[PDB]
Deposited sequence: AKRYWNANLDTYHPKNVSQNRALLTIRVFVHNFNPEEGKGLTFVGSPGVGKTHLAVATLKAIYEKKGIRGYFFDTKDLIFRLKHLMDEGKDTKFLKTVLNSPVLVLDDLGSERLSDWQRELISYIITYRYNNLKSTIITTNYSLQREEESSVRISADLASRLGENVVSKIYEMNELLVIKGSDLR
């Protein structure tokens, strides 16, 4: 939540061409934002590059220029939460607020390997937000370096083809290639 208390599109000073184009693409996005269009952004790249930074920035910028309140979740944290109240039987209120949210950030989306019930929820949340035009921002890890449909096949390996296909329709892809990480 608030290790990025200071993550503004203003505190952001791009450190290369990649980070600069992302910033301009975000500013255009935040400016032209209709929650009824269900368009999001997808941030890909290595660790320390600033993906989560820009995702939190985008979430705030939307809220400070459009007044639309969204949510930031770590994907694993969101999944563990839900799986609990899924098999506790009595909290749907949290699930609806997540699914029906105008803006949702899925941070570190299934970066590693996931169990069947984790793949169940991810596919569920994304298909719902795909069908009901609910704008959703994603940050994800890309392994091998040098290859864009590989950002899709590498993602599809741990999420499935169906999901990555829908992620590609709704979102614009922004690769971030900073070096030296954090």
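One segment of the deposited sequence has no coordinates for C-alpha: 147-149, numbered from the first residue.
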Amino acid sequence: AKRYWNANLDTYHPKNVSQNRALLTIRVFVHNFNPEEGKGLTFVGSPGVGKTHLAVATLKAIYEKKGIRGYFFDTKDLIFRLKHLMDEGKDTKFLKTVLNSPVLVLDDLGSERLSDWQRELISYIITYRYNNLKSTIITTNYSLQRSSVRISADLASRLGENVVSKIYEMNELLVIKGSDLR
From here on, numbers count along this sequence of modelled residues.
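Looking at mean Cα B-factors across 137-145 and 119-127, the upper value is held by 137-145. When the C-alpha B-factors of 24-32 and 151-159 are averaged, 151-159 comes out higher. In this entry, the residue among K39, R113, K51, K60 with the greatest C-alpha B factor is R113. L78 sits in the middle third of its chain by CA B factor, as recorded in the PDB entry. In the deposited entry, the Cα temperature factor of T11 sits in the top third of values across the chain's modelled residues. Annotation for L106: C-alpha temperature factor in the lowest third relative to the rest of the modelled chain, per the entry.
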